[PDB]
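K.L.:
Got a structure for you, written out below as structure tokens; questions coming shortly.
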Amino acid sequence: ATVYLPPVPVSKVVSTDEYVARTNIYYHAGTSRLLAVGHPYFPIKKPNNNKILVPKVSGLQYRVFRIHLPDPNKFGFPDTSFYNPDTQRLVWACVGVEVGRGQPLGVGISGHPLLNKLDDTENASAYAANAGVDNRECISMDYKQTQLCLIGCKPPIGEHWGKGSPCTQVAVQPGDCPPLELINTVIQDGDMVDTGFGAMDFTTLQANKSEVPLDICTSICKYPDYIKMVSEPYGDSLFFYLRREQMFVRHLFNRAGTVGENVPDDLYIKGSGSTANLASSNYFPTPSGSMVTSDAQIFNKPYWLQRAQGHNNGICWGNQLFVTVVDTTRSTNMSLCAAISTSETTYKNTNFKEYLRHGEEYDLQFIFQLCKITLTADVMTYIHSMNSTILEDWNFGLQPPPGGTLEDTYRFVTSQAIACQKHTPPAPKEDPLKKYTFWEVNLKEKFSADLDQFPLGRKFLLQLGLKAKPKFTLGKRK
Amino acid sequence: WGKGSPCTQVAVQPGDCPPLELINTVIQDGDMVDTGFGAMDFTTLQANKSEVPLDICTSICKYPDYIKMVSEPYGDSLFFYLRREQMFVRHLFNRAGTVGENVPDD
Amino acid sequence: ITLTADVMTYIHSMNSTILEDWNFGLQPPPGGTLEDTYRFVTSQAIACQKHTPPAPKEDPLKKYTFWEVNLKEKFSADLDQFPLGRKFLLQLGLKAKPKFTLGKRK
Amino acid sequence: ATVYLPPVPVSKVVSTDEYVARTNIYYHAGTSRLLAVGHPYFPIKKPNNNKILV
Amino acid sequence: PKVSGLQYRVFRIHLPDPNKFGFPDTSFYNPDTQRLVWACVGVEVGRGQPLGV
Amino acid sequence: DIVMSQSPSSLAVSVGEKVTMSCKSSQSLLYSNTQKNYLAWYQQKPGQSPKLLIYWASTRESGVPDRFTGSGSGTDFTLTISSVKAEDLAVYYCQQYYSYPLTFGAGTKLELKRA
Amino acid sequence: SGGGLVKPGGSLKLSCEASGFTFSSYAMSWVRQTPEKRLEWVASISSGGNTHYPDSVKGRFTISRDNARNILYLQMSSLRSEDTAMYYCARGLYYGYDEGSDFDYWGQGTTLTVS
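Residue numbers (PDB author numbering), protein chains in the order written: chain D, 9 to 486; chain G, 169 to 274; chain A, 381 to 486; chain W, 9 to 62; chain S, 63 to 115; chain F, 1 to 30, 30A to 30F, 31 to 109; chain R, 7 to 82, 82A to 82C, 83 to 100, 100A to 100F, 101 to 112.
See the structure below:
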């Protein structure tokens, strides 16, 4: 009739992996123990210089790790002689990850001496009309319970409400804010998380810019934009996630700041004097994520990625992984009293300068299965149609051309050695692959292979079978 | 986390917290568990020596180092552990004493 | 090199070091690693410090400075892309590989 | 040895569950209860001295 | 610097252990039986400078 | 860096004529993954600073006359003025904001012919 | 603000003060015009403080922002005669509806002469 229908269908996408036959060769890797000691509210800076003393690194902002893995294609192996570069390729698939959080319990305590607060509104105790001048208070807060983790192999997409349409393309005033329109963009390391007021920008969305704890008074806040990644017909943005989260209202409070909103006043029959006047309606709930418990860990636990949950079966492309972690239960603050100098005949608040630190621990334990790719000319035709770039990077076909063409003469320096001629002063640039910042994790020398050794290893080896078990554990009775 | 000692490469004076270095040691009788300030010494971190009780000031406070132990295959140092622990936030408070921190004033 | 005990032990009288690099045995449950090792810096900018990293090293075949030539990233199976390997091929006589031909030039 | 310290192990470390046989002979033990009565806050020492009384 | 041809040119060539080096086909080494070691079977000394002293 | 090549270097037309001008990039400005083109066009009148005309290859900035249309995809882009007006004499640039460094074309100078 | 005559090898610090809009909400950018009249990207800085420079000035120019006073800076060092140009301060805009970027506003420029 229309007809239309789409007709019927035009083209359609086959599974990513359904010709990739896994091999019995495994390799293994681990992590030494990554370390940062940051400060959660603000990077503590040098007092006459731009550059950090303590960086803002915390579990309350996204921890995005770029993990870059060995070339599997050319890699150390014990017996291979099947391999034909044109009719087969190799690729890593990681068959498990555990992530050790070596930090003890302890949340990220954050607060502002000047948090925007007018009156109590939970049970309340007074009335007030429109706001006076200067109603902010010293209040501190714990952020809502949020733990998630996601594993991908291409940076993942966040959403946030950004700064949308202007004041002139609507009829919304300056003092009422340009509209909040959901602007989607990739999650970057050092980006703040969802705050319990929604996940939004707060740089240009707080003109007071001291409504909330210091950390979130600037920068974008994101929430993972699961709908785009999972409706993706390739699903390389992610392919594994899990989360446990909750929030509750500690207490309702009202913002300070004059109503700019439109309250029709002829929807209540007038009081007398004070109750004929109109209060602030600028309610905000304060979130809480209190009661930490160690049966609420989504961490610390192996997740065998024999298959993924995406539309990608976890088989790497570009040989890299992205691991985004928020952990609010581990982001522990520390206390101690330190004297600036000795002069204490008594305790003095003067002399004893308290200073908080934050300790952030990460360790990543990996077990990799090697996989082969069966390829023929017809299959390849399809592989390029999905992603040109994967074949071109592997370049066991193809060509981009080998090279060639020259290597020489000669670069750089030029001269070397002895020389130190001129020094030579630069000479830019060579040669970076970044566009986003990421906490680099090199795995290209952490490679090992044993599964009778390494704890993570052993649980995988037992789960399988002979050779070898018992090699423990197992239990861990009772 | 033992006392990593104030460094003079990056500006940390007394009256700034030291960089902290993890110094691991054997679990021995009389020792305190984790308090949720982190698990660290308090005998020389504390200099008022009266932020916290008489008991934990004079102990090392420790978290179990499961991690190195479960990676010994033989497990002679342990071959059994379990845990149950929990804690809730009673009330936010401010410590006695003035900022030693550097606050960006912008 | 086949791993034969008579050859190995003879190599050991000549120089034990090639053997030690290959590594044989315990490591009683296992020492050095794992253990599980190691802690934990991984430098930032605070970082953990104090540091003074561990020392400078001298190579055991280095006593005096040389003009270092690293070759650890350039290996090709085929030898037809380079005039030195072709010349090796022709001299080799596999398979069977001209050699020369005339002319040259003339 | 030789070979060699041994081998192999390392790698793969031989379990003590392949040549260590259990027997059906059982003994039983226990303690007679243990009781220690302190003061959690501080030990109470005699302050004219240096030795604990609690 | 100070450099001439009237002065020693000492070059330190570094090579990986071959076992530790990957190849895409490797059924010629098993470490439970053998190790590997390089043999250099040809050296060509390229020169490319004018004549002069 | 991505080199932006504009053509012709200059052209002269009378009031009412249609003009087209080329901007070709040395690398693709089409992000395969989302099919967006990262191209903007600017107009610099004599003695003035460059004013934004087109961005995201074909989106016209508010206030820009509808006679200016930007088109193209990938590496080959065009700016068309449907009917040139006397006030359109200017140097037209194109600029890629796909990757760093952010780079500009060489520019096309548009001059007006008259009796 | 801040240009003028400077000798080769010297240093110079340019400033750009914003007005009429929320400075903290926009990326700011430096663009130069050499006598040949083509625009050249000088430096950019993200709202989070990540700097981006081309090889022509990387290691010599530094871009920075004062978020409290709302001032954009460009510290130049080891100035070369080739750095002679009109330097422009400019904003950047992100358009979420098309996922793109442009330079919507820029100043009158300040002249820097290395001679």
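Even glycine gets a Cβ: it sits at the ideal position worked out from N, Cα and C.
For chain W, is any of its Cβ atoms less than 7 Å away from the one on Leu406/A?
P.N.:
Closer than 7 Å to some Cβ of chain W, the Cβ of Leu406/A qualifies, so yes.
K.L.:
Rounding to the nearest angstrom, what Cα-Cα distance links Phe85/D and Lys452/D in this structure?
P.N.:
When rounded, the distance between both Cα atoms is 14 Å.
K.L.:
Suppose the cutoff is 8 Å on Cβ atoms and the five residues either side in sequence are ignored; what does the same chain contact list for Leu113/D look like?
P.N.:
Excluding sequence neighbours, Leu113/D sits near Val300, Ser302, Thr337, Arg338 and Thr340.
K.L.:
Exposed or buried, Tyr27/W, counting other C-beta atoms within 10 Å across all chains shown (16 or more means buried)?
P.N.:
With fewer than 16 other Cβ atoms within 10 Å, it is exposed.
K.L.:
Counting only Cβ pairs nearer than 8 Å, list the residues of chain R close to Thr445/D.
P.N.:
In chain order: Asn56.
K.L.:
At 3 residues or longer, what runs of the beta strand (DSSP E) sit wholly inside the stretch 267-324 of chain D?
P.N.:
Here the runs fully enclosed are 291-296.
K.L.:
Specify whether the stretch 412-427 of chain D and the stretch 36-52 of chain D touch according to this definition: at least 3 beta carbon pairs, one from each stretch, less than 8 Å apart.
P.N.:
With the cut-off at 8 Å, the stretch 412-427 of chain D and the stretch 36-52 of chain D do not touch.
K.L.:
So, for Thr283/D: in the same chain, excluding its five sequence neighbours on each side, which residues have a beta-carbon less than 8 Å away from its beta-carbon?
P.N.:
Around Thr283/D: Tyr135.
K.L.:
May I have a chain-ordered list of the alpha helix (DSSP H) segments no shorter than 4 residues that lie completely inside the stretch 393-445 of chain D?
P.N.:
If we require 4 residues or more, the alpha helix (DSSP H) runs fully inside the stretch 393-445 of chain D come out as 397-402.
K.L.:
What three-state label does DSSP hand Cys185/D in the structure shown?
P.N.:
Three-state result, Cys185/D: coil.
K.L.:
Could you work out which residues of chain R lie near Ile60/D, taking near to mean beta carbons separated by less than 7 Å?
P.N.:
Result: empty, since nearest Cβ-Cβ is about 11 Å, beyond 7 Å.
K.L.:
Considering only the alpha carbon of each residue, which of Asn262/D, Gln305/D and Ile277/D lies closest to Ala287/D?
P.N.:
The shortest Cα separation from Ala287/D among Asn262/D, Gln305/D and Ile277/D belongs to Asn262/D.
K.L.:
By DSSP's criteria, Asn450/A is part of a beta bridge. Which residues make up the other side?
P.N.:
Bridge partners of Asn450/A: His76/S.
K.L.:
Quick one: grab the DSSP three-state call for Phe468/D.
P.N.:
The answer is helix: DSSP assigns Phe468/D an H, G or I state.
K.L.:
Let me know the secondary structure DSSP gives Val238/D once reduced to three states.
P.N.:
In the structure shown, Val238/D sits in a helix (DSSP, three-state: H, G or I).
K.L.:
Put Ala93/R into one of helix, strand or coil per three-state DSSP.
P.N.:
In this structure, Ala93/R counts as strand in the three-state DSSP scheme.
K.L.:
Of all the CB atoms in chain W, is at least one closer than 7 Å to the CB of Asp244/G?
P.N.:
Not closer than 7 Å to any Cβ of chain W, the Cβ of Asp244/G fails to qualify, so no.
K.L.:
Looking at chain D, is there any beta carbon in it that lies within less than 7 Å of the beta carbon of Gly84/S?
P.N.:
Yes, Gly84/S lies at the interface with chain D (some Cβ there is under 7 Å from its Cβ).
K.L.:
Going by DSSP, what residue range makes up the alpha helix (DSSP H) through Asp223/G?
P.N.:
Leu222 to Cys225 is the extent of the alpha helix (DSSP H) around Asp223/G.
K.L.:
Residues bridged to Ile52/D by DSSP?
P.N.:
Answer is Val62/D, bridged to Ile52/D.
K.L.:
I'd like to know whether the C-beta of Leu213/G is nearer than 7 Å to at least one C-beta of chain A.
P.N.:
Cβ-Cβ to chain A under 7 Å: no for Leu213/G.
K.L.:
Determine which residues of the stretch 410-429 of chain A have a Cβ less than 9 Å from any Cβ of chain D, and write them out in chain order.
P.N.:
Residues passing the 9 Å Cβ filter: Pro410, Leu414, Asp416, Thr417, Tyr418, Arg419, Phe420, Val421, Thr422, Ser423, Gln424, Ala425, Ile426, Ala427 and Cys428.
K.L.:
On the three-state DSSP scale, how would you describe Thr63/F?
P.N.:
Here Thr63/F sits in strand by DSSP.
K.L.:
Can you pull the chain D neighbours of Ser93/F, defined as C-beta to C-beta under 9 Å?
P.N.:
Those are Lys443, listed as they occur along chain D.
K.L.:
Given that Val178/G touches chain D, what residues does it touch there, using C-beta distances under 8 Å?
P.N.:
Those are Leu61, listed as they occur along chain D.
K.L.:
What is the rounded straight-line gap between the Cα of residue 65/W and the Cα of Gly38/W?
P.N.:
Given that chain W is displayed from residue 9 to residue 62, the structure contains no residue 65/W and the question cannot be resolved.
K.L.:
Between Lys477/A and the rest of its own chain, which residues show a CB-CB distance below 7 Å, the 5 nearest in sequence each way excluded?
P.N.:
Within the same chain, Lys477/A has close Cβ partners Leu469 and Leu470.
K.L.:
Go ahead and pull the three-state DSSP assignment for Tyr36/F.
P.N.:
If DSSP states are grouped into helix, strand and coil, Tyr36/F belongs with the strands.
K.L.:
Using a Cβ cut-off of 7 Å, pull out every chain A residue sitting near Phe90/S, in sequence order please.
P.N.:
Going along chain A, no residue has its Cβ under 7 Å from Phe90/S, so there is no contact; the nearest lies around 12 Å.
K.L.:
Here's the rule I'm using: 16 or more other beta-carbon atoms within 10 Å means buried, otherwise exposed. How should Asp439/A be labelled?
P.N.:
The residue is exposed, with fewer than 16 neighbouring Cβ atoms inside 10 Å.
K.L.:
If you draw a straight line from the C-alpha of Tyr418/D to the C-alpha of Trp447/A, how long is it?
P.N.:
Cα to Cα, the separation comes out at about 16 Å.
K.L.:
Does any residue of chain D bring its CB to less than 7 Å from the CB of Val65/S?
P.N.:
Closer than 7 Å to some Cβ of chain D, the Cβ of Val65/S qualifies, so yes.
K.L.:
Give the range of the beta strand (DSSP E) segment to which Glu219/G is assigned.
P.N.:
Run containing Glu219/G: none; DSSP gives neither H nor E here.
K.L.:
Across the stretch 67-79 of chain D and the stretch 191-211 of chain D, are there enough close Cβ pairs to call them in contact, namely three or more that are closer than 8 Å?
P.N.:
Enough Cβ pairs lie closer than 8 Å, so yes.
K.L.:
If you pair each beta-carbon of the stretch 408-418 of chain A with each one of the stretch 169-189 of chain G, do three or more pairs fall below 8 Å?
P.N.:
No, the stretch 408-418 of chain A does not touch the stretch 169-189 of chain G.
K.L.:
Quick one: is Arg365/D near chain G, going by C-beta distance under 7 Å?
P.N.:
Interface residue, yes.
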